[PDB]
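A.B. asks: Take a look at this one; I'll ask things after.
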Amino acid sequence: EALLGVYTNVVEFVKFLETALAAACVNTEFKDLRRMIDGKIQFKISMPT
Amino acid sequence: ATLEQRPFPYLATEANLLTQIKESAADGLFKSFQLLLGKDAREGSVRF
Amino acid sequence: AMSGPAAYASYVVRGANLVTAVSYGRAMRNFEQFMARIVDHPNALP
């Protein structure tokens, strides 16, 4: 019997790491954010003169 | 008045002096490991 | 065009074996190489 034509859309898929916004971030593969002390990652600044 | 009527009255008055002694949240604890971002991974990156 | 890493940066646990047999001869050899780097390369420090 006669044929039938099927045309599907093709969508480009987004990965966050490939987009150039990730130059504004350090991306860290991490496992366990539940183990953190609240409201505190201290970092010490020493400015020479 | 609620400090004395609670049981274990000596350990209650000693454990409630922590709000005076504590200054940083890692005070009484020891240090065991270091989670680097790599092998040295910066002087400026976040070390756990 | 620009370049980057393939995946997210994973953490590495360092500090498991502390080896505590550190000697005086090797510590002075490490200290002479460490103080020479301030004159040699102030920004690149091991």
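Residues are referred to by chain and number: the chain letter is A, B, ... according to the order shown in the structure tokens, the number counts from 1 in that chain, and ligands are numbered separately from 1 in the order shown.
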Find the residues of chain B in contact range of chain A, meaning any atom within 10 Å when counting only C-alpha atoms, and list them as an MDAnalysis selection string.
C.D. replies: chainID B and resid 24:26 37 44:48
A.B. asks: Up to 9 Å from chain C, what residues of chain B turn up? Count only C-alpha atoms and give them as a ChimeraX atom specification.
C.D. replies: /B:32-40
A.B. asks: Residues of chain C within 10 Å of chain A, counting only C-alpha atoms - could you list those as a count of residues only?
C.D. replies: 10
A.B. asks: Within chain B, find each residue whose DSSP state, derived from the backbone, is helix (DSSP H, G or I), and express the selection as a PyMOL selection string.
C.D. replies: chain B and resi 9-15+18-21
A.B. asks: Using N, CA, C and O atoms, can you export the residues from the last selection as an mmCIF file, in the first residue's frame?
C.D. replies:
```cif
data_model
loop_
_atom_site.group_PDB
_atom_site.id
_atom_site.type_symbol
_atom_site.label_atom_id
_atom_site.label_comp_id
_atom_site.auth_asym_id
_atom_site.auth_seq_id
_atom_site.Cartn_x
_atom_site.Cartn_y
_atom_site.Cartn_z
ATOM 1 N N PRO B 9 22.522 18.295 87.623
ATOM 2 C CA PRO B 9 22.744 19.740 87.765
ATOM 3 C C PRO B 9 24.195 20.160 87.669
ATOM 4 O O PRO B 9 24.453 21.348 87.437
ATOM 5 N N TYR B 10 25.153 19.249 87.839
ATOM 6 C CA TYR B 10 26.541 19.647 87.648
ATOM 7 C C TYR B 10 26.931 19.653 86.181
ATOM 8 O O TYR B 10 27.623 20.574 85.738
ATOM 9 N N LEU B 11 26.499 18.654 85.414
ATOM 10 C CA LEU B 11 26.782 18.646 83.986
ATOM 11 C C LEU B 11 25.929 19.641 83.216
ATOM 12 O O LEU B 11 26.269 19.968 82.077
ATOM 13 N N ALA B 12 24.834 20.124 83.799
ATOM 14 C CA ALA B 12 24.049 21.151 83.129
ATOM 15 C C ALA B 12 24.715 22.515 83.232
ATOM 16 O O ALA B 12 24.710 23.281 82.264
ATOM 17 N N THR B 13 25.296 22.841 84.389
ATOM 18 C CA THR B 13 25.990 24.116 84.533
ATOM 19 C C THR B 13 27.348 24.123 83.856
ATOM 20 O O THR B 13 27.935 25.196 83.695
ATOM 21 N N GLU B 14 27.872 22.958 83.485
ATOM 22 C CA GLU B 14 29.164 22.910 82.815
ATOM 23 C C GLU B 14 28.999 22.895 81.302
ATOM 24 O O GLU B 14 29.805 23.495 80.582
ATOM 25 N N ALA B 15 27.957 22.233 80.802
ATOM 26 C CA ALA B 15 27.685 22.231 79.372
ATOM 27 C C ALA B 15 27.051 23.524 78.887
ATOM 28 O O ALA B 15 27.022 23.759 77.675
ATOM 29 N N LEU B 18 29.448 26.557 77.360
ATOM 30 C CA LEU B 18 29.986 26.506 76.004
ATOM 31 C C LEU B 18 29.706 27.785 75.237
ATOM 32 O O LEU B 18 30.514 28.181 74.396
ATOM 33 N N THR B 19 28.596 28.463 75.534
ATOM 34 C CA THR B 19 28.264 29.701 74.837
ATOM 35 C C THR B 19 29.203 30.849 75.194
ATOM 36 O O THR B 19 29.187 31.878 74.513
ATOM 37 N N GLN B 20 30.007 30.700 76.248
ATOM 38 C CA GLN B 20 31.080 31.634 76.559
ATOM 39 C C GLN B 20 32.423 31.191 75.989
ATOM 40 O O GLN B 20 33.197 32.034 75.523
ATOM 41 N N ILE B 21 32.709 29.889 75.997
ATOM 42 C CA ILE B 21 34.023 29.407 75.579
ATOM 43 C C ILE B 21 34.127 29.323 74.056
ATOM 44 O O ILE B 21 35.190 29.600 73.486
#
```
A.B. asks: Using Å and a single decimal, report how far atom CA of residue A:47 sits from atom CA of residue C:34.
C.D. replies: 21.8 Å
A.B. asks: Atom CA of residue C:43 to atom CA of residue B:43: how many Å, to one decimal?
C.D. replies: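 About the pair atom CA of residue C:43 and atom CA of residue B:43: they are 11.0 Å apart.
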A.B. asks: Which residues, written as a ChimeraX atom specification, have at least one atom at most 12 Å from residue C:45, with only C-alpha atoms counted and residues fewer than 3 positions away on the same chain left out?
C.D. replies: /B:40,42-43 /C:33-42
A.B. asks: Could the residues in this selection be saved with N, CA, C and O atoms as a JSON list (two decimals), in the first residue's frame?
C.D. replies:
```
[["chain", "number", "residue", "atom", "x", "y", "z"],
["B", 40, "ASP", "N", 47.41, 19.66, 44.57],
["B", 40, "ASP", "CA", 47.59, 20.84, 45.42],
["B", 40, "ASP", "C", 46.46, 21.84, 45.23],
["B", 40, "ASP", "O", 45.98, 22.43, 46.21],
["B", 42, "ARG", "N", 45.07, 24.67, 44.66],
["B", 42, "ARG", "CA", 45.55, 26.06, 44.61],
["B", 42, "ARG", "C", 46.04, 26.44, 46.00],
["B", 42, "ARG", "O", 45.95, 25.63, 46.93],
["B", 43, "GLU", "N", 46.57, 27.65, 46.15],
["B", 43, "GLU", "CA", 46.56, 28.29, 47.46],
["B", 43, "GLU", "C", 45.24, 28.99, 47.73],
["B", 43, "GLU", "O", 44.98, 29.36, 48.88],
["C", 33, "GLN", "N", 65.92, 23.19, 49.21],
["C", 33, "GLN", "CA", 65.22, 23.34, 47.94],
["C", 33, "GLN", "C", 64.02, 24.26, 48.07],
["C", 33, "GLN", "O", 63.58, 24.83, 47.06],
["C", 34, "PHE", "N", 63.47, 24.42, 49.27],
["C", 34, "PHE", "CA", 62.29, 25.25, 49.45],
["C", 34, "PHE", "C", 62.65, 26.72, 49.58],
["C", 34, "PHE", "O", 61.92, 27.60, 49.11],
["C", 35, "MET", "N", 63.78, 27.01, 50.23],
["C", 35, "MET", "CA", 64.19, 28.40, 50.40],
["C", 35, "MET", "C", 64.83, 28.94, 49.13],
["C", 35, "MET", "O", 64.89, 30.16, 48.92],
["C", 36, "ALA", "N", 65.33, 28.05, 48.26],
["C", 36, "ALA", "CA", 65.90, 28.49, 47.00],
["C", 36, "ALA", "C", 64.82, 28.94, 46.02],
["C", 36, "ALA", "O", 65.12, 29.65, 45.06],
["C", 37, "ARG", "N", 63.57, 28.55, 46.25],
["C", 37, "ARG", "CA", 62.51, 28.88, 45.30],
["C", 37, "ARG", "C", 62.05, 30.32, 45.44],
["C", 37, "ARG", "O", 61.47, 30.86, 44.49],
["C", 38, "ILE", "N", 62.26, 30.95, 46.60],
["C", 38, "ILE", "CA", 61.85, 32.35, 46.77],
["C", 38, "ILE", "C", 62.70, 33.25, 45.89],
["C", 38, "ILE", "O", 62.21, 34.20, 45.27],
["C", 39, "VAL", "N", 63.99, 32.95, 45.78],
["C", 39, "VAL", "CA", 64.86, 33.68, 44.87],
["C", 39, "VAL", "C", 64.60, 33.25, 43.43],
["C", 39, "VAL", "O", 64.55, 34.08, 42.52],
["C", 40, "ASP", "N", 64.41, 31.95, 43.20],
["C", 40, "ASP", "CA", 64.30, 31.43, 41.84],
["C", 40, "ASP", "C", 62.94, 31.77, 41.22],
["C", 40, "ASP", "O", 62.87, 32.47, 40.21],
["C", 41, "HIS", "N", 61.85, 31.27, 41.81],
["C", 41, "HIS", "CA", 60.52, 31.47, 41.24],
["C", 41, "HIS", "C", 59.53, 31.80, 42.34],
["C", 41, "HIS", "O", 58.99, 30.88, 42.98],
["C", 42, "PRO", "N", 59.26, 33.08, 42.60],
["C", 42, "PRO", "CA", 58.41, 33.43, 43.75],
["C", 42, "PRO", "C", 56.96, 33.06, 43.57],
["C", 42, "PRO", "O", 56.23, 32.92, 44.56]]
```
A.B. asks: Report, in Å to a single decimal, how far apart atom CA of residue B:16 and atom CA of residue B:1 are.
C.D. replies: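 Between atom CA of residue B:1 and atom CA of residue B:16 the gap is 13.9 Å.
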A.B. asks: Determine which residues of chain C DSSP labels as strand (DSSP E or B) from the backbone of this structure, then write them out as a ChimeraX atom specification.
C.D. replies: /C:9-10,12-14
A.B. asks: Could you take the residues named above and write them with N, CA and C atoms, as an mmCIF file, in the first residue's frame?
C.D. replies:
```cif
data_model
loop_
_atom_site.group_PDB
_atom_site.id
_atom_site.type_symbol
_atom_site.label_atom_id
_atom_site.label_comp_id
_atom_site.auth_asym_id
_atom_site.auth_seq_id
_atom_site.Cartn_x
_atom_site.Cartn_y
_atom_site.Cartn_z
ATOM 1 N N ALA C 9 35.189 18.729 38.269
ATOM 2 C CA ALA C 9 36.411 18.470 39.015
ATOM 3 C C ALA C 9 36.115 17.719 40.307
ATOM 4 N N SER C 10 36.697 16.535 40.445
ATOM 5 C CA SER C 10 36.425 15.669 41.583
ATOM 6 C C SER C 10 37.478 15.866 42.660
ATOM 7 N N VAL C 12 40.054 14.740 45.791
ATOM 8 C CA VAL C 12 40.999 13.682 46.110
ATOM 9 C C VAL C 12 41.344 13.795 47.588
ATOM 10 N N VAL C 13 41.249 12.671 48.292
ATOM 11 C CA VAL C 13 41.567 12.596 49.712
ATOM 12 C C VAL C 13 43.075 12.477 49.853
ATOM 13 N N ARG C 14 43.694 13.472 50.477
ATOM 14 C CA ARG C 14 45.112 13.415 50.797
ATOM 15 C C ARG C 14 45.299 13.590 52.295
#
```
